[PDB]
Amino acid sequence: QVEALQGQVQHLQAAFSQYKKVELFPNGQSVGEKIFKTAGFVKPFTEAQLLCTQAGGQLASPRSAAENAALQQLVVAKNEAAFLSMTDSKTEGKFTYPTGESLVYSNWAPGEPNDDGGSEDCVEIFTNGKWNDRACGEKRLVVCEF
């Protein structure tokens, strides 16, 4: 019986693995156990953030060079800089994930973050993978992670 129930499960694993690859083409990227997926359009930080959380995930939060490179592929493909989840709204100069935890990785472009105009508390990632603090009111590519 187990011999049969397992043949059912392994058949399922096979079909599921194929559908996973199909799902990620062409708006997603898998890295480790995390999955980045772009919505394809642009929006202000607040709305971008609400879209991701309501979908059961959150805004892209690269925690390593590999994750950042994975996210960059999506930005490059859509040719639109994207918003990350991190902000320094609570304490100027100190960026944190939505959980309040401090960054464990960063890829700031030379000269950033600079809080230009005295009001750049959000983060965007360029097609070259570098980060820049930007005003939360600007519209950027929406990319969520799951």
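We number the residues from 1 along the sequence you see. So that the term is clear: the rigid core is the largest set of C-alpha atoms that superpose within 1.5 Å between two forms.
Fitting each structure in 9 other deposited structures of this protein onto the rigid core and averaging C-alpha distances over structures and residues, 1-9 emerges as the more displaced of 137-145 and 1-9. In terms of root mean square C-alpha deviation after superposing on the rigid core in 9 other deposited structures of this protein, the stretch standing farther out between 10-18 and 121-129 is 10-18. Taking the PDB entry as given, 1-9 carries the higher mean Cα B factor of the two stretches 135-143 and 1-9. The PDB entry records a higher mean C-alpha B factor for 97-105 than for its counterpart among 97-105 and 114-122.
The residue among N27, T91, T46, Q58 whose C-alpha atom has the highest B-factor in the PDB entry is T91. Highest C-alpha temperature factor among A77, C52, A82, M86, as the PDB entry reports it: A77.
In the PDB entry, a CA B factor belonging to the highest third of its chain's modelled residues is recorded for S64.
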